[PDB]
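Quick notes on the structure that follows.
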């Protein structure tokens, strides 16, 4: 099943956070994170895990990791909160 | 010779071809000969350059990545060190090509790839290395290499091309879509689920390319920039579409950024100005 | 056997039999076969009891 | 005036196909049909 | 649609042969024979 | 006049209703040469080939337009909806009949357009997706004049909800409902897809957009609205892979 | 051996399954000469002509029997049920397949019988009626060994729930499932009615009764029960008068 | 019924014994076009073409299986063994007849499979070899349920003693002995080798594996074993290069 780390994070307004998407499938075809934030895929080897630096978080957002893996839930949402 | 215009004199026609009803959704082929007296001219023109094969059919740079040849001893993340790099093949990352392709809903083509490798040695170097690049086409969903000298590179099945830096490789890939054509637009989901991704689909998986420098390290670091050029050939296109007006924001989505600038130019003057 | 209804399939008729003008004072004989797809049935009926002699 | 030999066994290897002769825009410009001539199957 | 000239004298030098047309899995899927019809030599 | 009778349904039009057949292609059953799925297809009778009328929209002076997605809009329509839910695969054409009558004193122009693969844009930007519930609204469709929702599509009719300009939407099969000229529009849609048949639930083959181009101008003192009614009939519908009824969200 | 494949369904029987065709009449579509309703009938595809398996009953040493009413038992079965609810009129034949396997050590005999117009008696006497909910139980049917209910039918299998003796039920189309001989029974039922077509909801054309005649005697130490499974396929089914879905009680 | 009479031997089977002929190829004598050795081959008479019965194995509830290698298993069988030892070269087909009878109360399933070039794995790992004495056991064969020996093969039936999974062994010519269905299995093996003829002593052309797949479940109170008997007849056997009798270890 698709997984996101962290499950939840509280971060300062405008800061960056690293969100990890992972699958149980070893070889997923689609794996990413859906978010309106500016993001940067960290150079990381492998197919079933990705890390994104979601930059300049301004509001409460719910970035969703997605995949095409058919085991379990193919999507996982994380909850970003801003404090200011 | 194909006639462009026929000779036509005064007309007191009761079958008015210039009065129609656009409410019907048809563009009736009204010609100059219908509203003005015309002479007879010839086309002298076949329209060879407007055929979809030519319109969508020259090589365009669709990916650029830099990889390095350096001492790999004592590095955990080779991908981060840019010892190798992989890329899920897509023709959406360059906007000129994307807009041209997005003029159609379904597109079917074979792919001709040209990979150009160019070396640079910014730091002090005594000479220019004779480096060899391995460009490995990995089939859709196949495992990408995880380290620079992983055994995935020695795959007995993945197509690989070895070429010198500074030179090019060229190889064609047939149309590899599951369906009869690529879905440049997909108004659906992979399955009936409340949270699943919209639009982006596995139907349009064209494969992936992994790149490394085969050579072991020299005393200096060499930076290699790999440019992948894609040329579509044997192109078939269906269902013309409204051209893209707004900037893109992501691959596989029709999203556009918030607060975009107006597309339609404002007139310098009123509606009567020329 | 007298036919009551004839088999009739989809109709994209331009001679609309269901639009008329009762202003004329005629009851145009519009049949079920004109507004719905019908099967073929038979009357099995002469109308002997509606003849004025019996009525 | 022009010559091509196929050097590879795959159709994907051949050069571009050229021009689609039979081009007709009525598919897009004149898609109107009267539905009272029963053109529908 | 396709052309090959043999440039070398050896059969081992030729490119791959292509596809074996006459493919039939009954060798492996239907190897059963009644031994009472005397099929044995 | 014109009359179209499908099954137990009939639409009469006192306008000389000229129909647009998308790309001059009539709906057709999947031929053998194009078929991949091996199961014998289920070709329903009168029970599905009939006109289903959706609930009417009100066209006001400031309404942006409406969007329906097929076959989603008919998922709850009599026998067709049931078959769409009980089968794994399905393909269908459509006869769309958009109706909007007014007087000779009204002015306004609707653009009725059918967009194959009308992938909607999200109003949030980045790579956010439009959620299933918003792209499968049902017979109510999407009202472009309402406000944005979390996970909903963008609703600026100028950009067709997809980043293309409205003026260019005439490249798709369309008809105008010009209140001075006509009150009905008829578009016959064939099955359009890269695959010969597909899942009717997770994928919307076409989108029907009814967009006011020339705004509604009612005569002085008149009620400032007109009802727009959409009537659809499945055509050459096929179903394959019957099984337990699918479970979709909403 | 025998195999019957209907649509995407198949029943295989390693018994030489001989079928009883009630009154030597195959199910048939209503001919023109017999038709009264004028509407073109809806003749479903593979979608309905297929085997529906009902939930299995347990045959114990003291079980009296079970009764199903058609088409009531199939009112919730895939596409057939939906069509039965959406149409005003319907007629259908049936292929009933009753299955009950045991070992060569078991003994017992089931009477599988099809009764047209099996009007049930009320256990209260006088002129009391059996309520709709009891004569339309659905796929569960009526268990003759349960207790009486207010408004339910009488449940003495000796009298067939109608005041006739059990021994005489062989005048109807029937097959025995004799555990020593056979494990399956097949009866093909044509449409039987005084009217050419009828409402499928308010009227049950036939009743399927599975009655233990010779009681189940399991071998020593064996579990004292056997499952009985009923499989039914609608045959030559027609529907007419599509409209809003009917509302029935329960 | 069936009867196969070879020389002075006869096997009768009251089962309709259907024989598997490996790869639909009957044993045949080496044709001239394929021959390399120039000597006129010795084609024995009835003396060798006959059924040799090996000593029976006992199939218990926890037995893993047995493996015989040909022609090794017949090296001590009458005239065939002598000829195999006196000649330098030899090729032969085989008719293998595996026999295992039980009652209608027993359950269990043997996989009888013929593996050409069944190179055994050593249980020690690395690059250790299985010694000659273990790969040439004779008529006793290899019992997969016994313990490992120094220089012996690995004996985990799940991996076929070669690193491949048991489930996949059906790619080779095989028959099941399903105690409910049949009690005998017959496989006709042709000569399989990259060379037209070979030394019968140092190389085993095929391996016969009899593997319990579904374990033996005897009825309550029954003896928890069944005998399995293997009967083999050389077919189209040829010998070439007669000389002094070979000396092999054990």
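Chains as they are written, first to last, in the working numbering: chain A, 1 to 84; chain B, 85 to 358; chain C, 359 to 413; chain D, 414 to 454; chain E, 455 to 495; chain F, 496 to 745; chain G, 746 to 995; chain H, 996 to 1245. Where is the CB? At the ideal position from N, CA and C, for every residue including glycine.
Review point. Candidates G:979, G:877 and G:986: which alpha carbon is nearest residue 798 of chain G's?
Key: Cα-wise, what sits closest to residue 798 of chain G is G:979.
Review point. Taking the runs of the alpha helix (DSSP H) that are 4 residues or longer, which of them lie wholly in the stretch 802-879 of chain G?
Key: Within the stretch 802-879 of chain G, the complete alpha helix (DSSP H) runs of at least 4 residues are 823-831.
Practice item. Taking a Cβ distance cut-off of 7 Å, strictly less, list which residues of the stretch 30-51 of chain A are near chain B, in chain order. Key: Those residues of the stretch 30-51 of chain A that come within reach of chain B (Cβ to Cβ, closer than 7 Å) are 30, 34, 43, 44, 45, 46 and 47.
Exercise for review: Give, in chain order, every residue of the stretch 504-523 of chain F whose Cβ lies closer than 7 Å to some Cβ of chain A.
Suggested key: Taking 7 Å as the Cβ-Cβ cut-off against chain A, none of the residues of the stretch 504-523 of chain F qualify.
Review point. Considering only residues of the same chain and omitting the five flanking positions on each side of residue 944 of chain G, which have a CB-CB separation below 8 Å?
Key: Hits under 8 Å: 833, 834 and 835.
**Study point:** Neighbour list for residue 141 of chain B in chain D, Cβ cutoff strictly below 8 Å
**Key:** Within chain D, the residues near residue 141 of chain B are 429.
Exercise for review: Identify whether residue 422 of chain D lies in helix, strand or coil by the three-state DSSP scheme.
Suggested key: Under the three-state reduction of DSSP, residue 422 of chain D is assigned to coil, being neither helix nor strand.
Check your understanding: Of all the options F:496, F:708, F:643 and F:676, which has the alpha carbon lying nearest to the alpha carbon of residue 748 of chain F?
Key -> Because chain F here runs from 496 to 745, residue 748 of chain F falls outside it and cannot be looked at.
**Study point:** Simplified DSSP assignment, three categories, for residue 688 of chain F
**Key:** For residue 688 of chain F, the secondary structure class from DSSP, reduced to helix, strand or coil, is coil.
Practice item. Look at the alpha carbon of residue 1056 of chain H and the alpha carbon of residue 753 of chain G, and state the distance between them as a whole number of angstroms. Key: Just so you know, the alpha carbons of residue 1056 of chain H and residue 753 of chain G end up roughly 41 Å apart.
Exercise for review: List the residues of chain B whose Cβ lies closer than 7 Å to the Cβ of residue 75 of chain A, in chain order.
Suggested key: Residues of chain B passing the Cβ test: 279 and 280.
Review point. In the stretch 594-614 of chain F, which residues sit with their C-beta less than 9 Å from some C-beta in chain D, listed in chain order?
Key: Per Cβ criterion, the list is empty.
Review point. In this structure, does DSSP put residue 248 of chain B in helix, strand or coil?
Key: Three-state result, residue 248 of chain B: strand.
Point to revise | Coarse secondary structure for residue 70 of chain A, derived from DSSP in three states | key: Coil.
**Study point:** Cβ shell of residue 934 of chain G (< 6 Å), same chain only, five flanking positions each side left out
**Key:** Excluding residues within five positions, the ones whose Cβ falls inside 6 Å are 767, 838, 839, 859 and 951.
Review point. Any residues in the stretch 633-661 of chain F with a beta carbon nearer than 8 Å to a beta carbon of chain A? Which ones, in chain order?
Key: The stretch 633-661 of chain F vs chain A, Cβ under 8 Å: nothing.
Check your understanding: Residues of chain F with a CB under 8 Å from the CB of residue 364 of chain C: which are they?
Key -> Correct list: empty, because the minimum Cβ distance to chain F is about 14 Å.
Check your understanding: For the stretch 478-495 of chain E, which residues have a beta carbon sitting closer than 9 Å to at least one beta carbon of chain H?
Key -> Those would be 480, 481, 482, 484, 485, 486, 487, 488, 489, 490, 493, 494 and 495, in chain order.
Check your understanding: Thinking C-beta only, is residue 305 of chain B closer than 7 Å to residue 150 of chain B?
Key -> Their beta carbons are not under 7 Å apart, which means residue 150 of chain B does not touch residue 305 of chain B by this criterion.
**Study point:** Contact between the stretch 1169-1178 of chain H and the stretch 1093-1113 of chain H (3+ Cβ pairs under 8 Å)
**Key:** A contact exists between the stretch 1169-1178 of chain H and the stretch 1093-1113 of chain H.
Exercise for review: Could you spell out the range, first to last residue, of the alpha helix (DSSP H) harbouring residue 184 of chain B?
Suggested key: First-last of the alpha helix (DSSP H) with residue 184 of chain B: 179-185.
Point to revise | Interface partners of residue 66 of chain A on chain B, CB under 9 Å | key: At a C-beta separation below 9 Å, residue 66 of chain A has these neighbours in chain B: 279, 280, 281 and 284.
Check your understanding: Of the choices A:52, A:40, A:56 and A:42, whose alpha-carbon is the least far from that of residue 6 of chain A?
Key -> Taking only the C-alpha atoms, the option nearest residue 6 of chain A is A:52.
Check your understanding: In chain C, which residues lie less than 7 Å from residue 781 of chain G when you measure between Cβ atoms?
Key -> Neighbours of residue 781 of chain G in chain C, taken as residues at a C-beta separation under 7 Å, are given in chain order as 399.
Exercise for review: Look up residue 525 of chain F in the DSSP assignment and say whether it is helix, strand or coil.
Suggested key: Residue state, collapsed to three classes: coil.
**Study point:** Own chain residues within Cβ distance below 7 Å of residue 865 of chain G, not counting five before or after
**Key:** 875, 880, 898, 906 and 907.
Exercise for review: Run down chain D in chain order and give the residues with a C-beta less than 7 Å from the C-beta of residue 499 of chain F.
Suggested key: Correct list: 448.
Check your understanding: Between the C-alpha atoms of residue 447 of chain D and residue 514 of chain F, what's the straight-line distance to the nearest angstrom?
Key -> Residue 447 of chain D and residue 514 of chain F: Cα-Cα distance of roughly 6 Å.
Practice item. Return the residue from the list B:91, B:133 and B:107 that minimises the CA-CA distance to residue 120 of chain B. Key: The closest CA to that of residue 120 of chain B, considering only B:91, B:133 and B:107, is found on B:91.
Review point. For residue 877 of chain G, is the classification buried or exposed, using 16 other Cβ atoms within 10 angstroms of its Cβ as the cut-off for buried?
Key: With fewer than 16 other Cβ atoms inside 10 Å of its own Cβ, residue 877 of chain G counts as exposed.
Check your understanding: First and last residue of the beta strand (DSSP E) that includes residue 996 of chain G?
Key -> Summary: the structure shown does not reach residue 996 of chain G, with chain G confined to residues 746 through 995, and so no result is reported for it.
Point to revise | Contact with chain B by residue 435 of chain D, beta-carbon distance below 7 Å | key: So, not an interface residue.
Check your understanding: Is there at least one Cβ from chain E nearer than 7 Å to residue 1026 of chain H's Cβ?
Key -> At least 7 Å separates the CB of residue 1026 of chain H from every CB of chain E.
Review point. In this structure, what does DSSP give as the bridge partners for residue 1198 of chain H?
Key: When beta bridges are read from the DSSP output, residue 1198 of chain H appears opposite no residue.
**Study point:** Within the stretch 261-337 of chain B, ranges of the beta strand (DSSP E) (whole runs, at least 3 residues)
**Key:** Segments of the beta strand (DSSP E) lying fully in the stretch 261-337 of chain B: 292-297 and 306-324.
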